[PDB]
Structure formats: C-alpha cells, structure tokens
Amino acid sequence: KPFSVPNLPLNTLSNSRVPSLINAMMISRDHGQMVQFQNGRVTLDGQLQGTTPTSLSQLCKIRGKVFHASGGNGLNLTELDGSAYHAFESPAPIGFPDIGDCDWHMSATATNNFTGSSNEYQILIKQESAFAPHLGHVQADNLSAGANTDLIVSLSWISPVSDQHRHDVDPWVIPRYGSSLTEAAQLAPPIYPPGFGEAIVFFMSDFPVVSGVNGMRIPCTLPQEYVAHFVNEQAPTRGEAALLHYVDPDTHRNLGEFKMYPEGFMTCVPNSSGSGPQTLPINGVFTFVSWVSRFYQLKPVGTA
C-alpha cells in the first residue's frame, strides 16, 4: 500500500493543536530544536501518539463531572464520548489541550438537559498545583455548575498564568500532566531536526493568545487532516524519510522540497540563515516523491 499525503491545499486544513485554519509555515531556531507536542502526533504508518485524536471534533476538548471542594471546584475527567479515562493509555484524555504554562479560558456546556445560557459556563483552568489531568482531575475557576454535572468544555482563548510567575504565553511548551507527583506515561516522544542544515517545519494558525511569544499564533507539526489520512492508510514506511514537493495546485510548479520522517514531522533546509518556508504561498499541496535516506540533501527553500 503506497504512502501518500493528502492532495489538499494547506490553507484549507487545520492546525492539529487548536481548531484553526493553517495560514503560514515557519521554522524557529529558538523553539524548533526540541519539540514534544502531544497533539498532532502520529507515525507515517498511522500509529496515533500522545493525546492525538483522529478528528478535530475532539481537539482542545475536555469532558468531565463537576466536583465541589474547599480549595475550589473542578472536573473529574472522562473521554469526550463519556467513557472512562485510564492513566495507562495516555498523558490525558484524547484531545486534551497540550499548550503548557498558561491560563486556559474555556467554554463548558451541560451535556444533559441543556436549558440555555445558564448551562453554558465561562471557566478558567489554571496550570498550578491542582492541575493533574494524568491522574484524572483538574481544578476550574469561575465554574458555577452543581456537583456531578457532566460538561463538555472547549478552549476559547489563552493568556499569561494567573499566579504571575511569567508574563507571556509560550505555545511551544506542553503541560505538566502529572503535576509534581509523576511524569505522564505514554508521552509522544521528543522530536529533533535530524539532518544537515535541516529545520523542523511548523504549520501556524491564528488563535486568541494574550501576550504570545509569537503573538496570536500556534505552531504544530502536522495538519490535522494528515493525521486522519495516515491513520486511514497505514502505509508501510519503506525508507528513512519521505521526499515531498510543495507544489502550486494550478500551475503544478515545484515550490520547494521537504523531508517527512517516520515519526510524523517535516523538515526543510532554509536559504542562508533565512526564514525558509515562511515566504512560500500557503495554498500549495505537498506531494510524495520518493523514499530517501536520512542523509539525502535538500535543496534550500525560501529567501536568503
């Protein structure tokens, strides 16, 4: 079964870490040397990793039953379909947000007998001591729902931590899933740019971020729709890296070459300390050319 990537223009596809259209590609020497995102993680032969869902309907979602306690209210987590969360299969429930070290402003709705405005709750989930999604619970501020209420929660926007230990949001980092009690079990492994002059390609989307280190932008390593494609195809990985062309869909012109590694991420070689894929159009399609060795030398992409 031959390997392929979707024949879909980039700017029609979603970020795999927030539900937002891709509007740019970038490399980052500052942030792109090690990356351990937990969403948008899947092998080229279609093995899902981390908390990564097949569908965007699960992404940046939390489901749980409300608990009321002295130190504050919170949620006892389930999977989004309502089935039980287990602490062996993953760092958190599938689709749980993976943007660390920031406040999450979220919208929750009652899943049973939804009456209207009073069954929608604008809540704040902080990443402090009682943030323990791996153990099956998070503390939630400004949550007025009664005990044992079943809620589906959606990420609305993010902002600097409430406890003031930093004043910006760095979306390149992931949460501490097990709190200070333990490291999470099935974390999608760290990624490093392998290869000579290679930089990891990050697909960017706009999102409401207050004081972001790259402003209102969230990076990921695959479009969401690629994840569903690889999980569908399960094409055997027949080489060390997949050579791709980024191609204009009308003119058929090759706009640059890229390597996709089995771990499920892409790299390019920037032109002489340049911005690499950022100057390319965003309405192109990636296309599989051939399996190549990890040492295969890419032609530089972008301006100097």
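So that there is no doubt, residue numbering starts at 1 and follows the sequence shown.
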Quick one: higher average CA temperature factor, 242 to 250 or 51 to 59?
-> 242 to 250
Mean C-alpha B-factor higher for 282 to 290, or for 13 to 21?
-> 282 to 290
Identity of residue with top Cα B-factor, from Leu181, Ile218, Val231, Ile174 | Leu181
Which of these has the highest Cα B-factor in the record: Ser211, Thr109, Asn76, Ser90?
-> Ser90
Using the B-factor values recorded in the entry, state whether the Cα atom of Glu257 falls in the lowest, middle or highest third among the modelled residues of its chain.
-> middle
Which third of the chain holds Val153 when residues are ordered by C-alpha B factor: lowest, middle or highest?
-> lowest
Determine, from the deposited record, the chain-internal third of the Cα B-factor for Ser273: lowest, middle or highest.
-> highest
Check where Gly40 lands among this chain's C-alpha B-factors and tell me if it's the lowest, middle or highest third.
-> lowest
According to the PDB entry, is the CA B factor of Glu128 in the bottom, middle or top third of its chain, that is, lowest, middle or highest?
-> highest
